[PDB]
């Protein structure tokens, strides 16, 4: 229906798979950066491999006008132009900056269909870097990590673990994301005090709790035992939605029924109304890293990781497949606003009161498109 609805369902489908392997842990990731990397793989995939991807991410509006790179990139009504437009709209400033840089590291003179590199540069603005995998995979890895590290101001290091790439690696797709946004209604340093954050219904922990009073849109879901708070960013184009369950442990129930429908339903007009209220929100600092291979495989995307994978749209020369896929993300939420840095990567080898003192879910979205940029679960500030 739109990149917005698509980013939403994909976000939730990913969550339903992650929460199972990270129970009682914080969870934080960037849906947008993940669909972006997945889009660049999809560009050069055909047959079932290709069809299987779209059936799980649901970001390419059918019908399709051909797997031709010229077609896809010269269609004007597809996933690539949809994803491209959204990135253009949210990319920078003054009170908020957002950037997503992509890069393709490929072997010395490898049969990478010329048009593939052309389009990726065109639509995803990705630069091509010539790297020596065959005889210097050791150096290639450190060059790549070094680039990701610098794009994230040193926050995301060694995105690629030892021998995650070798002499059989043909290409590495990787992106870096940086988001810095000022709250429209900031918090005062002075009003920030220590306070108990009730993890389990029987276990607390001291955390710097930010506080302020003011007008904010809220919605009471007394029938789901939860409330939703919207904290707009100063840009006026983005906001953070905070879903807080009423009971100290009602989170395990909320994570079961939540989805695009409900969220859209709970964030409606006749549901949320402006009110003057007290808001307590803890300063948060999250650092997470995930292996997407298992996640995507569980979600239904399997051929891209198999021997029977078709990425001929990237190279007719040798048979290829995705070796590994990773996603790292770091977020900080304080008085002035929020900061997020991240990276999605994939290797292609030769084949009246609102106090949040208990666990809550949150997500940052683009107001006009309902596109979800960040999603997270906060169990430990």
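Numbering follows the first chain given and starts at 1.
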- Query: Per the record, how many residues of the deposited chain fall between residue 92 and residue 93 without being modelled: none, 1 to 3, 4 to 9, or 10 or more?
  - Reply: 1 to 3
- Missing residues of the deposited chain between residue 351 and residue 352 number 1 to 3
- Task: Output the stretch having the higher mean C-alpha B factor in the entry; the candidates are 307-315 and 170-178.
- Result: 307-315
- Message: Mean CA temperature factor from the deposited coordinates, higher in 146-154 or in 184-192?
- Response: 184-192
- Task: Return the residue from 293, 212, 76, 239 that has the highest Cα B-factor in the entry.
- Result: 76
- Item | Identity of residue with top Cα B-factor, from 243, 248, 279, 83 | 248
- Query: Lowest, middle or highest third of the chain for the C-alpha temperature factor of residue 64?
  - Reply: highest
- Note on the structure: residue 330: CA temperature factor from the record, placed by chain third, in the lowest
- Split the chain's modelled residues into thirds by Cα B-factor; residue 141 lands in the lowest
- Message: Using the temperature factors of the C-alpha atoms in this entry, rank residue 53 within its chain: lowest, middle or highest third.
- Response: middle
- Item | Where the record places residue 126 (Cα B-factor, split into thirds across the chain) | middle
